[PDB]
Amino acid sequence: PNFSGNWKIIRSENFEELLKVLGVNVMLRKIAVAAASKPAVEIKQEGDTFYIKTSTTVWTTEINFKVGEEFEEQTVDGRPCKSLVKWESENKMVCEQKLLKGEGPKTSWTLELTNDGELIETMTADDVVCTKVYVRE
Ligand SMILES: *C/C=C(C)/C=C/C1=C(C)CCCC1(C)C
């Protein structure tokens, strides 16, 4: 039950479809699904506190959060939001998001550490669920 690691993605499903629901430019949608754009994910967890760094070819972003305390981040398409993470079970957390301005699809994400050492991420926009799977490196 410690999410800490350097995680490499091995499986993705429905990501392009998620970006389409979010209104992302098709130009970026095709780029985003390219093997080149795969995100490296670094997580450091201590207690209820999480540090997560995501890196791609030209972008690196960091978020810090504590379970139960509201924080600000961005939706997958980059719109600022307020987020609140809570546990669903011993090994899975769930985050609900609220836009800071304007309106758009209802977005959320989950992270789950399996008993076989994989990290499963889901990201949802309205009715579309994208699922990603990572392993430690
Ligand atoms: C599965 C998630 C991605 C491929 C994300 C890609 C990505 C970032 C993580 C940062 C913004 C650029 C973009 C390539 C969309």
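Residue numbers count from 1 along this sequence. All values below were derived from every heavy atom in this structure, side-chain atoms included, with hydrogens, water molecules and symmetry-related copies excluded. Read the numbers this way: they start at 1 and go in the same order the structure lists the ligands and their atoms.
Among protein heavy atoms, atom 5 (C) of ligand 1 sits closest to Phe15 CZ, 4.1 Å. Counting protein heavy atoms only, atom 11 (C) of ligand 1 is closest to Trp59 CD1, 4.3 Å.
To the nearest 0.5 Å, atom CZ of residue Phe50 and atom NZ of residue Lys66 are 12.0 Å apart.
Under the 3.5 Å distance criterion, with hydrogens and angles disregarded, no donor-acceptor pair is assigned to the side chains of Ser89 and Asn91. For the 3.5 Å distance criterion, the side chains of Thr110 and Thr122 qualify, holding a donor opposite an acceptor. Side-chain atoms of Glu96 and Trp109 include no donor-acceptor pair closer than 3.5 Å.
Distances from atom 13 (C) of ligand 1 to the protein include no heavy-atom value under 4.0 Å.
Taking every non-hydrogen atom of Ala32 and a distance limit under 4.0 Å, the qualifying atoms of ligand 1 come out as 4 (C). Heavy-atom contacts of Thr56 reach the following atoms of ligand 1: 8 (C), 9 (C) (cutoff under 4.0 Å).
Under 4.0 Å is where a charged nitrogen must lie from a carboxylate oxygen, and between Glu16 and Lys30 at least one such pair does.
Contacts of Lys132 with ligand 1, taken as heavy-atom pairs under 4.0 Å, involve the side chain alone.
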